[PDB]
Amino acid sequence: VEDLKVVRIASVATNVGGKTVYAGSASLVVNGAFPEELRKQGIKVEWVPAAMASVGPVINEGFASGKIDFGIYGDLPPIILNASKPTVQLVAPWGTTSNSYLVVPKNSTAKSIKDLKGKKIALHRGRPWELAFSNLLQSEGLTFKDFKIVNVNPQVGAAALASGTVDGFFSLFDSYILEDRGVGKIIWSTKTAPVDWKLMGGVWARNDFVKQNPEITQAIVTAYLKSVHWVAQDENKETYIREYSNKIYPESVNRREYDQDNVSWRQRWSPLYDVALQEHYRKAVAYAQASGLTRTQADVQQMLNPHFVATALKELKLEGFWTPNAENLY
């Protein structure tokens, strides 16, 4: 019978064939040594699992009402929350969560986005990967104006491309299934893009919680990075793939997401607040407003707090384990 501090931590969760998937980082932290190590510190973690579209009325809302303290999820929601009012801080970046991919029907002429001018492209609007799409367009001097954008989820979009109902499909690693059923081909991917075009996020903390409890916040961040250091070693890549990845999809699909990438296995897990992170966040906040997800732009600086990872890396002797990325002069 101990005197524990209850710390409420949210994650995005999904039940697949009797089990629960958590968005990459969380599964490792929910299923690893993290809860137990915090227990030694006098901290009881309590999980607040959230279905993939309860994120607003459960996570952002729990943050808003102070009923949640930490949240392990993507950068898009907390950006939307923070625009309304500064509420939440990034205290541990989880690295780069996903590449994005351009897929064309198996028998297509198309070799790069240029070839799809005036064509139908299936894209789930208002999703983080829309930023990568926008970037790619910008990179080659194009706009949304130059395409008919079919706004559909990845499943409808996948079915549509397989049919030849669209001429292109922009999505994440679910794209590989289309290659496997022999009905699509990937022709572009963020594996050839700057690091900031990749999806991000991590461990978000309620601003008031941090201000009141720097010590506990630190214990969480230090404990988090311990888990991350463990998974970021190559010998544990296969364990991650088999135990902690996205089980909606076959292991080979999950495995291909990391294949031939310009970011190593270890670097995918980087918690560094490097130039490429800052830039991604600057870019993401601009896109959130332009796509009308928010009226306002969140102050990027007040939303990023590098103090805890800095303390943790010194404490864990991991100051040289990751390397900071610079601005990619594209």
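In this text, residue numbers run from 1 along the sequence as written.
Look at the C-alpha B-factors of 115-123 and of 97-105. On average they run higher in 115-123. Comparing 149-157 with 219-227, the higher mean C-alpha B-factor in the PDB entry belongs to 149-157. The residue among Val195, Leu90, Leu76, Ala83 whose C-alpha carries the highest B-factor in the deposited model is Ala83. Based on the entry's C-alpha B-factors, the most elevated value among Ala232, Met200, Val203, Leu137 belongs to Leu137.
Ranked against the other modelled residues of its chain, the C-alpha B-factor of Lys283 as given in the entry falls in the middle third.
Among all modelled residues in its chain, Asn31 ranks in the middle third by Cα B-factor. When the modelled residues of the chain are ordered by their C-alpha B factor, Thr190 lands in the lowest third. When all modelled residues of the chain are sorted by CA temperature factor, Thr165 is found within the highest third. Per the deposited record, the Cα B-factor of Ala23 falls in the lowest third when ranked against the other modelled residues of its chain.
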